[PDB]
Each structure stands twice: as C-alpha cells, then as structure tokens.
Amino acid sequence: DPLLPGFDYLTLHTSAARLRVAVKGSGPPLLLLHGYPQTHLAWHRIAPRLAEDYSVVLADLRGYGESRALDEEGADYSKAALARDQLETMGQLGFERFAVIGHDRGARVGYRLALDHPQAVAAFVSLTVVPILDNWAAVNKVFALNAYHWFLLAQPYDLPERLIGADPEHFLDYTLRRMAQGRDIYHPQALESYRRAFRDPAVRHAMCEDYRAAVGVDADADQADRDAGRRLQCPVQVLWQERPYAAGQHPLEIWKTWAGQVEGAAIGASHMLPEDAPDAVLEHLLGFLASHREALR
C-alpha cells in the first residue's frame, strides 16, 4: 500500500516560515500535527481514511521535517509561534475555522492554538498530551528518568545539539525504538524521512528550541490562561496510552480542568498512537467528528 495516496505536496510561504504541507480531500477541514522526533508522515495510517470524508491538511511543524523558520539565527519556536503558522497555513488554503488533531508536540501546538485563537478551532483532539503546566507539576524521580530528554534538550544552547548531533542516526533510532517500546511500527520509508530530517543540524536545533520553549514561554502561557480562567471553547477528545495515572494526572481529569466539553479513551498501545494503533485511533476520531458535525459548520 502506498504512502499518502493522492496527497498533494505543497510548500507554503508564511510571514515567518516556509512550511511543508500535504493535502487531500473535501468537506470540513482537519489539521493533523505530528510530534517528536517525526514528521507529517506519522499520519500515514490515519490521514487517507479521514480524507474520504474531510479536507485533510498535514503539516511539518516549524523546524521539523521540511518546514523551516525564515529567521535562521534567532527564530521563535514557541508553541504560540507555531500556532500562528497553523492559522496562516489554514487561512492560505481557504479555512478560517477547522478541527485540529495533534500527537505529542503537535497536540501542544494545537491546544495553544485553541486557547489563543478560539474562533479558529472547531474541535480539538489530543493524542497522549496534557498541558505542559500539568506535566511540570508532576515531575518526580521516575518522571525525570523516563523523560530524561525533556531536561537534556532544554539545556542551554549548544549543549544538547552537540550531544545529539554527534551520531544523529544512533540517537534517532534509539529514541524511536524506545518510544515504540520496541514494537515494529515504523514503515521503512517513513523512517527514512524521519532519519533525513534528523540528520539536518537545523532540525535538531529546532527540536531543542521546542524543548526549551516548553520549560519557559510555553509554561508561562499556560499559567497565564490558568490565572485568567481561560479554557478551550470547543469540544475536546483526549486519546491516551493505557497505563496507570497518579491522582490528579489522569488525562481526562486534567482536560476537564482546561475545557468544558471533554471526552476520551485509553488505547492499548505505545506512546506512538498514530503508527501503533491507527484503527483504534480512527474509530475514536471518526465517532468524535461525526458526533460534533454541527460544530464543524
């Protein structure tokens, strides 16, 4: 089976970025946002089915894959900046309001987009993510060991770049295997795309910048919204990895503190839900989007 049959590959020129986008379909618009250390190809098992019924837009996040900031020196990689990229992307393609489905870092861009630009986001789906403010409050010994890279990649420039850049393919391959819990989920051709991106020093730097923003400005933005009592205004679905959650850390419970309309489900797979559990993900997504069909109008 081919990868992304019938998708049209575009390069969009926005005010601050050159963005790689792939589009297919007709009907209400959906924007799908991948995570780390991946590209838009992570959606290859999901996006074709969605494009049977929806206008589907896949994008590489700024700095990841083939997307680049125009400021090659001091670009902004905050989630707020990447949220503006999404507004501009969808606007250029003809959409002022759209649903957003994110995995991992892409879900962080997505919820920030929903908070900052509620008029633009019809519905929001998070795969594996709760807001960074909640993640930081949960840090303990085991968290820091399991997610050691959240702390490494956030060290000041150019410490992590020097470390992860020594043998990029080793670090990429190690990381993908770890995130997949050793499961054979990566299409060999999608993998070559992830590898090529990670071999680019600019991509690795942009990834570090994402992690630095997570510690800093992204967390400050979440705190400001918490202080203001600002919530997501659209229906939210959260799909999470089946595992134990400590008190106060269950993803459905956390999302209900950020949004008045929340639903979700556990999926028995690795963290890499798009690639590991596409049929389960699709069943949930399709049902959610159908249930809120009027919201998508």
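Residue numbers here begin at 1 and follow the sequence given.
Mean CA temperature factor is higher for 88-96 when stretches 88-96 and 149-157 are set side by side in the entry. Two stretches are in play, 76-84 and 181-189, and the higher mean C-alpha B-factor belongs to 181-189. The entry assigns its greatest Cα B factor, within the set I101, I132, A166, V142, to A166. Residues shown: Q119, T128, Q223, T175. Highest C-alpha temperature factor in the entry: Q119. Ranked within its chain, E242 lands in the middle third, by CA B factor from the PDB record.
Ranked by Cα temperature factor within the chain, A228 sits in the highest third according to the deposited record. Ranked by C-alpha B-factor against the other modelled residues of its chain, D71 falls in the highest third. Ranked against the other modelled residues of its chain, the C-alpha B-factor of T39 as given in the entry falls in the lowest third. For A269, the recorded CA B-factor ranks within the highest third of the chain. Only modelled residues enter the ranking.
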